[PDB]
2 protein chains.
Amino acid sequence: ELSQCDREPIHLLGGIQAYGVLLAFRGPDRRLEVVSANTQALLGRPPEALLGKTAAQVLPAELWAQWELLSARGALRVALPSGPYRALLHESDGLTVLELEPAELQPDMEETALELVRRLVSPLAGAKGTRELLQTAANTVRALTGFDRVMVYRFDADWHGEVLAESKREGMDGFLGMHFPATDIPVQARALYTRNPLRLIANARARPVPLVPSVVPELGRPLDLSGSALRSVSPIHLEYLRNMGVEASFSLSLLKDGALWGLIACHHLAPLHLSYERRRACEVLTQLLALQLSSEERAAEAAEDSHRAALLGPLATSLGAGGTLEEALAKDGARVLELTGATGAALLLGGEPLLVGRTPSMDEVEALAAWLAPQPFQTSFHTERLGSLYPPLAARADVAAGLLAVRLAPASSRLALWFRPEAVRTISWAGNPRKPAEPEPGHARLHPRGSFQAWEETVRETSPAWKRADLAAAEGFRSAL
Amino acid sequence: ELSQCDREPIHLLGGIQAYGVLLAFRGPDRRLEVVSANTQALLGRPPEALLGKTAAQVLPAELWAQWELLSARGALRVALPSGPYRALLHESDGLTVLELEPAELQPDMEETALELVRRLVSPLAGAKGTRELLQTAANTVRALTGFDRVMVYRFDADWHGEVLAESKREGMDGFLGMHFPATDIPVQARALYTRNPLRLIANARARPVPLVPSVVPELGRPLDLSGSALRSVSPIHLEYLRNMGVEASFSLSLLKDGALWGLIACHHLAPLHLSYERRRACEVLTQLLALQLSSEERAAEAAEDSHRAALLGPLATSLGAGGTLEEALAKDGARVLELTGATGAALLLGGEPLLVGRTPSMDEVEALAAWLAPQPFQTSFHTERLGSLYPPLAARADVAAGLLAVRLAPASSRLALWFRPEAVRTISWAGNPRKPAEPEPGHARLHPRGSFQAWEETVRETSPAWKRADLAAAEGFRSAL
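Residues numbered from 1 in each chain as written, not as in the entry; some residues may be left out. Chains lettered and ligands numbered in written order. Heavy atoms only, no water.

Another point: the overall build of chain A. Looking only at helices and strands, chain A has 18 helices and 13 strands in total. At 29 Å, chain A has a C-alpha radius of gyration far larger than the 23 Å of a compact globule built from 481 residues. In terms of overall dimensions, chain A has a C-alpha envelope of 95 × 50 × 50 Å along the principal axes. Looking at chain A residue by residue over its 481 residues, the buried ones come to 40%. When contacts within chain A are restricted to residue pairs at least 6 apart in sequence, long-range pairs at least 24 apart make up 59% of them. Here chain A displays about 25,400 Å² of accessible surface, and carbon together with sulfur accounts for 63% of that area. Distance between charge centres in chain A, computed from 49 positive and 56 negative side chains, equals 2 Å. (Helix = DSSP H or I, 4+ residues; strand = E, 2+ residues; numbered from the N terminus. Rg over C-alpha atoms; globule rule 2.2 N^0.38 Å. Buried < 20%, exposed > 50% of the residue type's maximum accessible area, 1.4 Å probe, protein only. Contact = heavy atoms within 4.5 Å. Areas by Shrake-Rupley, 256 points an atom, 1.4 Å probe, with all protein chains shown as cover. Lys, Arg positive; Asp, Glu negative; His and termini not counted. Charge placed at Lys NZ, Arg CZ, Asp CG, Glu CD.)

Residue and element names in this part refer to chain B. With respect to the helices and strands, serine 380 occurs in the loop between α14 (362-371) and α15 (386-389). Residue classification places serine 380 among the buried residues on the basis of a relative accessible area of 18%. Polar contacts involving the side chain of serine 380 include one to the main-chain carbonyl oxygen of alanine 405, which spans 2.9 Å. Ignoring sequence-local partners within four residues, the contact set of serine 380 consists of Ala405 and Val406. (Polar contact = N/O pair within 3.5 Å; in protein donor to acceptor, adjacent residues only side chain to side chain.)

For the rest of this paragraph, the subject is the interface of chain A and chain B. Contacts between the two partners involve 25 residues from chain A, matched on the other side by 22 residues from chain B. Where chain A abuts chain B, roughly 2,200 Å² becomes buried across the two surfaces, and 64% of that area is made up of carbon and sulfur atoms. Taken as a group, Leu114(A), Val284(A) and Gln292(A) account for 22% of the area that chain A buries against chain B, more than any other trio of residues on that side. Inspection of the region where chain A meets chain B yields two salt bridges. (Buried area = accessible area lost by both parts, 1.4 Å probe. Salt bridge = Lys/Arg side-chain N within 4 Å of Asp/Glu carboxyl O.)

Here the focus is the packing of helix α10 (residues 276-310) of chain A against helix α10 (residues 276-310) of chain B. Between α10(A) and α10(B), the shortest axis-to-axis distance is 8 Å and the interhelical angle comes to 20 degrees. Considering their axes alone, α10(A) and α10(B) lie roughly parallel with respect to each other. Both α10(A) and α10(B) take part in a crossing whose hand is left-handed. Between α10(A) and α10(B), the residues in contact are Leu288(A), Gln292(A), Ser295(A), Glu296(A), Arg298(A), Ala299(A) and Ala302(A) and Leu288(B), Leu291(B), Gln292(B), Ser295(B), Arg298(B), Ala299(B) and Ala302(B), respectively. Its residues assigned to classes, the contact of α10(A) with α10(B) comprises seven nonpolar, four polar and three charged. (Axes fitted to C-alpha atoms, helices over the stretch in contact; angles between N-to-C directions. Parallel < 35°, antiparallel > 145°, perpendicular 65-115°, else oblique. Left-handed = near helix turned anticlockwise from the far one by under 90°. Nonpolar A, V, L, I, M, F, W, Y, C, P; charged D, E, K, R; others polar.)

A separate point is the relation of the copies chain A and chain B. Between the two copies, chain A and chain B, the superposition gives an RMSD of 0.8 Å; the rotation angle is 175 degrees and the shift along the axis is 1.5 Å. Accordingly, the operation relating the two chain copies is best matched by a two-fold axis. (Least-squares fit on C-alpha atoms.)

Now for the pairing of strand β4 (residues 95-102) of chain A. Residue and element names in this part refer to chain A. Counting buried residues along β4, six of its eight residues qualify, which places the element largely inside the surrounding structure. By the bridge criterion, three bridges tie strand β1 (residues 23-25) to β4 in an arrangement that is antiparallel. Looking across to β4, one finds that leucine 23 is bridged to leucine 98. The pairing of strand β3 (residues 84-92) with β4 spans eight bridges and is classified as antiparallel. Within the sheet, the bridge partner assigned to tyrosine 85 lies in β4 and is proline 102. (Pairing = 2+ DSSP bridges.)

Residue and element names in this part refer to chain B. All chains considered together, the criterion is met by 13 aromatic pairs over all chains. Between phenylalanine 25 and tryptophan 64, the aromatic rings sit 5.5 Å apart at their centres with planes inclined by 50 degrees, giving tilted as the arrangement. Of this pair, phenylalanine 25 sits in strand β1 (residues 21-25) while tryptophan 64 sits in helix α4 (residues 61-64), placing them 39 residues apart in sequence. One aromatic cluster in this structure is built from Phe25, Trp64 and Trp67. Directly above the aromatic system of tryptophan 64 lies the positively charged group of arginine 30, at a separation of 4.1 Å from the ring centroid. Of note, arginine 190 hangs over the ring of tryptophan 159, and the distance from its end group to the ring centre comes to 4.3 Å. (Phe/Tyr/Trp six-rings, centres within 6.5 Å; stacked < 30°, edge-to-face > 60°. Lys NZ or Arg CZ within 6 Å of the ring centre and 35° of its normal.)

Our focus in this paragraph is the nonpolar core. Residue and element names in this part refer to chain A. In this structure, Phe250, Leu252, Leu254 and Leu289 are the most contacted members of the largest nonpolar core, which totals 31 residues. With eight residues, α10 is the largest single contributor of residues to this core. Sequence-distant contacts of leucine 289, defined by excluding residues within four places in its chain, comprise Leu133, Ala137 and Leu254. (Core = buried A, V, L, I, M, F, W, Y, C linked by side-chain atoms within 4.5 Å.)

What follows deals with unusual backbone geometry. Trans is the prevailing form of peptide bonds, just as negative phi is the prevailing case for residues other than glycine. Look at the link from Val212(A) to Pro213(A): it is a cis peptide, with omega at -5 degrees. Relative to the helices and strands, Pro213(A) resides in the loop between β8 (198-201) and α9 (235-244). Even without being a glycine, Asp257(B) presents a positive backbone phi close to 45 degrees. Counting through the fold element by element, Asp257(B) comes out in the loop between β9 (248-256) and β10 (259-268). Positive phi, close to 50 degrees, is recorded for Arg434(B), a residue that is not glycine. Following the sequence through the fold, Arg434(B) ends up in the loop between β13 (415-420) and α16 (453-459).

A word on the side chain of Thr145(B). Considering the arrangement of structural elements, one finds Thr145(B) in helix α7 (residues 131-146). If we skip the residues at most four places from it in the chain, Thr145(B) touches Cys266(B) and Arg278(B).

This part is about the domain arrangement of chain A. The domain architecture assigned to chain A consists of domain 1 (106-301) and domain 2 (312-422 + 461-478). A C-alpha centroid distance of 43 Å is found between domain 1 of chain A and domain 2 of chain A. (Domains from an automatic or database assignment.)

A separate point is the sheet that holds strand β12 (residues 402-406) of chain A. Residue and element names in this part refer to chain A. Read from one edge to the other, the open sheet built from three strands follows the order β11-β12-β13, with strand pairing classed as antiparallel. Each of the sheet's edge strands pairs with one partner strand only, and the pair in question is β11 (380-382) and β13 (416-420). Here the strands of the sheet are splayed against their neighbours by 10 degrees on average, with no regard to which way each runs. Summarising the sheet, β12 and β13 pair through five bridges and their orientation is antiparallel. Looking at β13, one finds that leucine 403 is bridged to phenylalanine 419.

Residue and element names in this part refer to chain A. By the criterion of burial, strand β6 (residues 161-167) is predominantly enclosed, with six of the seven residues buried. Pairing geometry for strand β5 (residues 149-154) and β6, over four bridges, is antiparallel. Considered in β6, the bridge of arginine 154 is made with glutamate 162. From the end of β5 to the start of β6, which pair antiparallel, there are six residues, and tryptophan 159 there has a positive phi angle of about 70 degrees.

Time to look at the sheet that holds strand β4 (residues 95-102) of chain B. Paired through backbone hydrogen bonds, the strands of a sheet run either parallel or antiparallel to each other. Residue and element names in this part refer to chain B. What the four strands build is an open sheet, ordered β1-β4-β3-β2; its pairing is antiparallel. Every other strand in the sheet has two partners, leaving β1 and β2 (77-79) as the edge strands with one partner each. Looking at each pair of strands side by side, their axes are set apart by 35 degrees on average, direction ignored. Running over the sheet, α10 touches β3 (84-92) and β4 and is turned about 35 degrees from β3.

This part is about the pattern of salt bridges. Counted by the stated rule, this structure contains 41 salt bridges over all chains. The partner of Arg335(B) in a salt bridge is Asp332(B), with the nearest N and O atoms 2.6 Å apart. Judged by its relative accessible area of 21%, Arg335(B) is partly exposed. Each of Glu304(A), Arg308(A), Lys467(A) and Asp470(A) takes part in salt bridges that share partners, so that together they form one network.

Given below as structure tokens:
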């Protein structure tokens, strides 16, 4: 509920999960550093007893007998006298970092390593489109992970998220149509997700265990948790997870050629750990899905370019045919509208203008036609908040909140526009979850009923963004007369 | 040398490799089946001593202690009292198929699972075009297999193979550029490659271990080695490899969404097997590369559509400027030629039409223009064997072997063509690997020099086929005048 949710640096939380074991070496002599309370129990000796003396003394060298390989491998399992345990090597802030975690307890004779990828890519035979591809991907995640909830997010130009697809376990409610406010996610958190490939949160009941010593003189700031998969989350975001009530949660990032394309999240109401085998296999899936979505997106974009460019064909069908230009365009008015993407368009003959689809007020039409001239558009203007620039259309704003326009005739007063309303009626009513919860929430952090009000308020009185490729075909219409 | 190499059913070879061990069970009571002489040495008692008694009696049941899991897993490595062995479960000819194989002789604490996978997915950085994909994949497989050679094959409409890429170890001969006749690749063999993901041969000096009993009354024929990874190979292909002198070889199946795309293969002078760790990972690459190439092909096709649509621009450079149509098109005629793919094009004005690039002699150019009139083409003919269609122009096969034509005007004799000769100057002499074999070869059973002679025998007096996108653009030139 604090005003620092977007501003609190994730790197300064300090807290750690239940099963983490903080370790570190100092350069040549490899002297130890800050540790955690839970770290001592697995080794047995108390932390302050371990702290302050030499490395080899506190070091179970039978596990150090694998560091020569851990330097290159980075992580493989070792059978500690307690149980299976997965070694982890890291380096940060000029200091090396060691980590360990409870490995696969189940003996794992069958379903060995790398069987996951062959098990899951088999449905991925076609790879034809975008939506069904990721949908079936989430379906396969259901089979592999075997948890309750899976989720898919897509961003915006201003990175506002949107619910695209998911696949539910029976006995819950889908969240299709919901709009994710970009306000909740800090820019620092966005960068954190971009830099790292994966992240998981296993239990919402876990406590952000602090670290001692808290402060380190050589930075005047704690150690950044770059390579650690045990990093905690912002307390506001922790309260978010508590409110949404799912203890087990995964995050799978998609990165488009330097920029994080999207995020995939799995969930399970009960708390449950995950095998290293399953989590590590995801990174392979990340690359596959990223390349596939990149290829499919560029293919679809090219197809759209071709189709809307080939729409000059239907233009040429009407062009040359007998009758007035206006009636010929009106008979095929439908293809004219989505040609630019605007719901409607008018155009100045000197007399009355011809418009179809959405209908701006006639007198308002000539008023705006006159008002376009003082605006010095060399080629064209485009906007999403026309009411802000032009107050008098604030009344007729849910019919056009942002438009495109261009000179019909550069010489004479003949002009043309391309109006589009505010984006509310486009998406279905699914932008709400319905069924209000009985307990009264503060709801400033809860997307159902409570949140998404900031999202809708921000997008309120705004039309969808424009596309340069649409303006590309504008010169084609320019040569009509 | 036999004429049945194309027609020989590979399912009827019967034989098996040296180190394989034939095993099978009959349904409920799991009674035994055909066996081999080499197999008995693994168990100890002679093969005829095996015959006639119960399943468990011939069965080392301590290995069967894992069969209940084998029903699902299909395979694990089991330590026979002699040495380690990998179990294989399969079913064929309405009959169970069981197989063992010499396991990894390497103690292989290293060479763990998916570490090779992470080794090989790292080079998948760019993944932008088409060539570099398989090129880098082959470069990875070079160090992966650690053997002499890797190879790339691509088929045609009638499935003829052509060398796309390769990477050599120093001290051998490159094999770029040759066209392989699809005749030596039987249709049944092609189907076998389609159905299975893997196939390999570790030694050509191995022997075709016989199978007893050779025939069975229920089939009057041996058992099919479909699912077996140890199936023998026909002596003709063995002779081919012997002429090559390469005893060790691997193979890849490449499938385009229901149809086999191409082939990837490995080679090595010394006879040597492959680790069972490596071979399982090979199957994973197949589906991933298949879907990736499907997506890349769709993207490339869309890009090509946009490009041929974008050719309206360079075309529009000629249009609009003053001057005759003929000279304006002739000045930029260079870019016009590759628009359709033909080396030249003209267009009948009633007078002399102008053509560039390669040139058919002008008088018989009018003669062929006239000859097109009796043929009642609605809009166009498209051909690759004009010599068969029109005998006299077969003389200038090197000037025209297959062309595309189109009517400038339906009523009047104004037509346009796109002539393209036989693909001989287009492809270099890389169809011959030179260095003639000092021992006199039959060269009908040898790829070097002797082969690809049949391919050029077939493809003589024949241009490459046309593609549909340019045929769509035929209406583009149609509306010029």
